[PDB]
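Just follow the structure's listing: the first ligand is 1, and inside any ligand the first atom is 1. Only this structure's heavy atoms are used, side chains among them; waters, hydrogens and symmetry mates stay out. Throughout, residue positions are numbered sequentially from 1 according to the sequence presented.
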Amino acid sequence: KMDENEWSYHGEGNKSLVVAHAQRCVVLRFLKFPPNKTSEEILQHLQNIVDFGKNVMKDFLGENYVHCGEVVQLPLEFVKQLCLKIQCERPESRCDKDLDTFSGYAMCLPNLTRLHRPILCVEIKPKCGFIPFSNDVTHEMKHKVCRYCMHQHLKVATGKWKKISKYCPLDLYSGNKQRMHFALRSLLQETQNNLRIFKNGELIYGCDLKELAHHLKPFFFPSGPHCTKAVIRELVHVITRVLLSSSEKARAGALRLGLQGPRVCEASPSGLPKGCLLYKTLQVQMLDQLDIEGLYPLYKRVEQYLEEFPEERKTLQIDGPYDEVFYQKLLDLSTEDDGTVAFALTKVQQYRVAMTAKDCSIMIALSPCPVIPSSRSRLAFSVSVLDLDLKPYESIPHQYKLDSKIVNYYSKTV
Ligand SMILES: O=P(O)(O)O[C@@H]1[C@@H](OP(=O)(O)O)[C@H](OP(=O)(O)O)[C@H](O)[C@H](OP(=O)(O)O)[C@H]1OP(=O)(O)O
Ligand SMILES: Nc1ncnc2c1ncn2[C@@H]1O[C@H](COP(=O)(O)OP(=O)(O)OP(=O)(O)O)[C@@H](O)[C@H]1O
Ligand SMILES: [Mg+2]
Ligand SMILES: [Mg+2]
Ligand SMILES: [Zn+2]
């Protein structure tokens with residue numbers, strides 16, 4: 001049975017909220033809505049996240065790297081009881097959207113920050129690892145600077161964050177250890193929503209560098225005096241070594257997309273290992289072959305069709321089920337347009353999957369002891385992907401509108 005005080009606030013984006021259970025190693029992921037959906041709509045929506053996880057993302061990213069635990073039902077009093085308790089924990093910016101309190105459904109997943117031994121967990125939101133290559137783009141700046149580094153200017157000017165991050169995803173997504181070190185230092189300096197650190201299921205950093213060292217010193221140095229620089233450097237190196245870790249150097253990927261350059265970004269102040277999670281993530285991100293500029297015309301062709309034929313929306317699995325036939329249709333990587341709805345639709349569904357891979361999080365576990373990297377302790381490590389719900393069909397015009405603004409505003413600033 002469910003107890004209000006046994007669950008604690010863990011985190012949120014702007015689609016969902018997560019609460020971790022103090023005893024068992026599980027979390028519950030709840031949806032979020034404004035004060036202004038049906039119970040059935042939520043059930044399918046939540047079940048679509050599991051189907052998409054099982055039937056699409058386990059193929060692209062691997063069975064062991066993905067965990068999308070089943071949908072679960074709860075009593076409506078418990079959800080209310082929990083909601084009010086936690087309201088103070090939530091940061092004030094997220095509080096526009098309220099918690100899913102009326103449905104009584106949520107998604108139960110394993111807590112990737114918890115599992116007598118201690119545990120250190122680093123969560124990263126790496127963002128898009130390539131600079132767009134497509135001839136459909138009408139701004140030449142998009143071929144030079146990454147989305148992330150461009151986007152940074154508008155976010156700081158808007159007052160989202162205090163200053164521009166030096167993190168460029170192409171530094172992290174390169175194979176080069178020196179570039180990967182610089183990227184991780186840059187995330188440590190200016191965390192934003194791209195870095196978080198947990199110790200025994202407790203957040204300890206990215207919503208002070210010397211305060212981090214207090215917490216991390218027991219791990220890497222379980223007596224010699226070790227300064228902050230020493231502690232933070234070994235965190236950077238171990239993590240770099242976990243991101244360069246691959247268990248599948250030989251096998252052929254489901255997506256064999258080629259990295260069309262450039263591999264260095266201008267805004268940033270011999271490639272990834274074949275089986276590593278960062279490589280595999282980058283491959284599913286590259287399903288965006290056309291760019292939004294690009295893809296948006298093909299969105300209109302599909303919309304035009306669906307407005308003519310409303311019944312076919314369910315028929316063509318636009319909002320699921322995200323099943324084996326859905327997966328199979330993503331494998332047509334041909335970029336030659338034949339003016340057909342089928343072509344446009346294929347590219348639209350591929351673009352949504354790429355959007356999902358561009359906004360996903362990577363959770364790295366570390367525990368002192370299977371799979372082990374070199375360190376001044378002896379650490380057993382695990383890797384996971386988080387935040388793999390398919391991005392909606394309806395947001396594609398928003399991506400087109402936003403992309404224009406990011407590039408134009410950057411082009412003004414430079
Ligand atoms: O606006 P984008 O493209 O940078 O990405 C959004 C993210 O913005 P960010 O740049 O990471 O601050 C945004 O993150 P924040 O809530 O702004 O931290 C979300 O991840 C959003 O995804 P969803 O629609 O909530 O599932 C993301 O929305 P999508 O565009 O992926 O739908
Ligand atoms: N299984 C899990 N184990 C541990 N922490 C988790 C788990 N799932 C989610 N979290 C935490 O909860 C946070 C919010 O969840 P999540 O990012 O998946 O939702 P979201 O609303 O889709 O966010 P986003 O804005 O990034 O799209 C994560 O950033 C992470 O810190
Ligand atoms: Mg997230
Ligand atoms: Mg999301
Ligand atoms: Zn960059």
Numbering as shown, the atoms of ligand 1 that approach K155 to under 4.0 Å (heavy-atom distance) = 9 (P), 10 (O), 12 (O)
Can you list the atoms of ligand 1 that are under 4.0 Å from a heavy atom of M355?
-> 32 (O)
Heavy-atom side-chain proximity of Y305 to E312 below 4.5 angstrom = yes
Which N, O or S atom of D387 lies nearest to the Mg ion (ligand 3), by name = OD2
N or O pair under 3.5 Å between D387 and ligand 1 = no
Out of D288, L287, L282, which residue meets the side-chain contact (heavy atoms from CB on, under 4.5 Å) rule with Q285?
-> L282
Contact flag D359/the Mg ion (ligand 4), N/O/S atoms, threshold under 2.8 Å | no
The one among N14, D359, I292 that brings a heavy atom closest to atom 6 (C) of ligand 1 = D359
Tell me, do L82 and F30 make a side-chain contact under 4.5 Å, heavy atoms counted?
-> yes
Determine the minimum heavy-atom distance between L243 and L172, stating which atoms define it.
-> CD1-CD1, 3.9 Å
Is any side-chain heavy atom of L61 closer than 4.5 Å to a side-chain heavy atom of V56?
-> no
Note: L402, heavy atoms under 4.0 Å from ligand 1, region reported as side chain
Proximity of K97 to ligand 1 by residue part, where a heavy atom lies under 4.0 Å = neither
Indicate whether any N or O donor in one side chain lies under 3.5 Å from an N or O acceptor in the other, for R29 and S16.
-> yes
One finds that the ligand 1 atoms under 4.0 Å from a non-hydrogen atom of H151 are 4 (O), 10 (O)
Which heavy-atom pair separates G320 from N48 by the least distance, and what is that distance?
-> CA-OD1, 4.4 Å
Give the atoms of ligand 1, by number and element, whose distance to some non-hydrogen atom of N193 is under 4.0 Å.
-> 9 (P), 11 (O), 12 (O), 14 (O), 15 (P), 18 (O)
Proximal ligand 1 atoms for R147, defined as those under 4.0 Å from one of its heavy atoms = 3 (O)
Are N408 and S411 close enough that a side-chain donor and a side-chain acceptor fall under 3.5 Å?
-> no
Please check if any side-chain donor atom of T138 sits under 3.5 Å from a side-chain acceptor atom of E293, or the reverse.
-> yes
Test item: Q152 and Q192 side chains (from C-beta on) under 4.5 Å apart, heavy atoms | yes
Of all protein heavy atoms, the one nearest atom 23 (P) of ligand 1 is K15 CG, 3.6 Å
May I ask you to list the atoms of ligand 1 that are less than 4.0 angstrom from any heavy atom of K125?
-> 7 (C), 11 (O), 13 (C), 14 (O), 19 (C), 20 (O)
Heavy atoms only: which of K127, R94, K160, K358 is nearest to atom 2 (P) of ligand 1?
-> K127
Which atoms of ligand 1 are found less than 4.0 Å from any heavy atom of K391?
-> 22 (O), 26 (O), 29 (P), 31 (O), 32 (O)
Ligand 1 atoms in contact with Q399 (distance to a heavy atom under 4.0 Å) = 3 (O), 29 (P), 30 (O), 32 (O)
